[PDB]
Every structure is written in structure tokens, then in C-alpha cells.
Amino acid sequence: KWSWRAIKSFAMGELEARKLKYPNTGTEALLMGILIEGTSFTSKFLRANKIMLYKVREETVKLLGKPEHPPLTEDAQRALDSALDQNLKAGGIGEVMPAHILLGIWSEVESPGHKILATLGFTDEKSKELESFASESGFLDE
């Protein structure tokens, strides 16, 4: 059960992949889509931890270099599957949120999303911090 916020963040991600003229919607685009959507707690969390949209964009171009609807990479699909788990293997009411997508991205260790997060100072401790917020009883990611 994807939240509306997660649905929007995905759309913003695909939009960013198209703007970058990439063949696929990768973990880097899912990450930017969260920032672009811009109203979730997760987007505020990323910004409060100095993971700014303009920086992620600069690190994306640097890492990956300068299609109508760019399909998901395999590791982006993997990040979305983990999001479902992060949500599933936790409390049992909430929808799947941008938080779970972010955690899914971080957990795909080999992915550009993870590597860019790490370049910008994200760590396992930040991941656990985000998990703690997300596991709070009536968590809506807003």
C-alpha cells in the first residue's frame, strides 16, 4: 500500500531521470524524487542532514555522467522491494512512505543512490535514526 507521498516522489523521480536524459530511473532519481516532492518528513530529514537537492544532482552528474518513460534499474526495483519490507517487517497500519524508500536505497549498498548519500555524509547511524522516526506509533511521513 504505497502512500500518496511515495507515489508523488516516484513521479518526481521519473521526471528527473527524463530531465537528465538517462535511459533508466535509478536509485539516484528515486532519491531526488523524494527531495523534489518536498513535503514529506523524509525530505525535511534529508535537508536537515545537509543532503540538499542541488548537491545530489551535482553528485549524480559526477558519478553517472552528463526514452519517453525511463524504466527502473534493477537496484531501484530492489530498493522499492526493501521499502515494502521495512514497512512490512515493522508496525502494521501505515502505508509505504518516502522514509521506507530512502531506507531501501541506503540498503542497496552498490547503488548510485547509496554512494551519493555516502558522499554527502549519510551513514548507517542516520539510517537507524530515520528508522526510529518511521517506527513511531502513528507515523505519517509528512
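The numbering used is simple: start at 1 and walk along the sequence shown.
Subject >> Gap size, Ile51 back to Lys50 (deposited sequence, no coordinates) >> reply: Gap size class: none, per the record.
Original post:
What stretch has the higher average Cα B-factor here, 73-81 or 27-35?
Top reply: Looking at the recorded C-alpha B-factors, 73-81 comes out higher on average.
Original post:
Averaged over C-alpha atoms, is the B-factor higher for 131-139 or for 4-12 in this PDB entry?
Top reply: Mean CA B-factor is higher for 131-139.
Original post:
Quick one: which of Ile105, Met97, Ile116, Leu88 has the biggest Cα B-factor according to the entry?
Top reply: Of the candidates given, the C-alpha B-factor peaks at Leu88.
Subject >> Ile101, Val56, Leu46, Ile93, ranked by C-alpha B-factor: the highest one >> reply: The record points to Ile93.
**OP:** Taking the values exactly as deposited, rank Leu120 by C-alpha B-factor within its chain and report the matching third: lowest, middle or highest.
**Re:** For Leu120, whose C-alpha B-factor we compare with every modelled residue in the chain, the answer is the lowest third.
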